[PDB]
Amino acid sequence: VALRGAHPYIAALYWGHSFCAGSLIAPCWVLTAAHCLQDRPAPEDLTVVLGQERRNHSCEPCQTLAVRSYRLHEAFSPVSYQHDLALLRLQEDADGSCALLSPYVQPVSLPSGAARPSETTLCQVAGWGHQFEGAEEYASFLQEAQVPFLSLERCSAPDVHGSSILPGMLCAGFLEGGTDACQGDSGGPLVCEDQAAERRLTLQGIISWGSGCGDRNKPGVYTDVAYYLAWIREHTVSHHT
């Protein structure tokens, strides 16, 4: 598998000094977490960079886009984080174009929903994660971890995430194994085996919440993209029908 062109769908989202990642699901659409947008920033103050290697760093294949509008799931809860997803409609330029697809910028495929994930499913989470403030020249690189899907039964254990796990959420990671809580970003991609899909890997999770960087790792909790599949289709459709 490739490495600088490793996760060409991952988007870097900026507002003020806050940060979130998301996933390019088509040239004009990015999928992220609703919690990233719950304070309702003006679309004009958002910046999306596709193809970025280091946060805050410009780069030759980096593409910077404005956002035209965005939609949070109408039922998102800021308290429990149930239904933690949003769509960004990117601003098209003079030509009707949004992301210029390239070897560094490519959309990720949505799950089929045919494929019901199991503890044997293999996944990957990408993100930048924790980085010490100051000294930009030392900005971290995108990194990735291989994580297994973690059953609802094991995730809802009192000892793991308890009654905090709600329908529409899924878990991935190791019970004690470690190292994802310091490397994922709110809204970032969990990409897993679909097999019943044209592509080998599809986007099956959006980084939602989990244990704090620094504490002992728990599995991360992700928005279960497949559960919202009709919501994502309906709000991206090209034509009213």
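Numbers follow the displayed sequence, beginning with 1.
When the C-alpha B-factors of 84-92 and 143-151 are averaged, 143-151 comes out higher. Stretches compared: 214-222, 19-27. Higher mean C-alpha B-factor in the entry: 214-222. Taking the PDB entry at face value, the top CA B factor among 167, 78, 113, 162 belongs to 113. Reading the B-factor column for the CA atoms of 192, 42, 206, 36 in the entry, the top value corresponds to 192. When all modelled residues of the chain are sorted by CA temperature factor, residue 51 is found within the lowest third. Sort the modelled residues of the chain by CA B factor and residue 127 lands in the lowest third.
Per-chain ranking of the deposited C-alpha B factor places residue 72 in the lowest third. When the modelled residues of the chain are ordered by C-alpha B-factor, residue 177 sits in the highest third. The PDB entry assigns residue 183 a C-alpha temperature factor belonging to the highest third of its chain's modelled residues.
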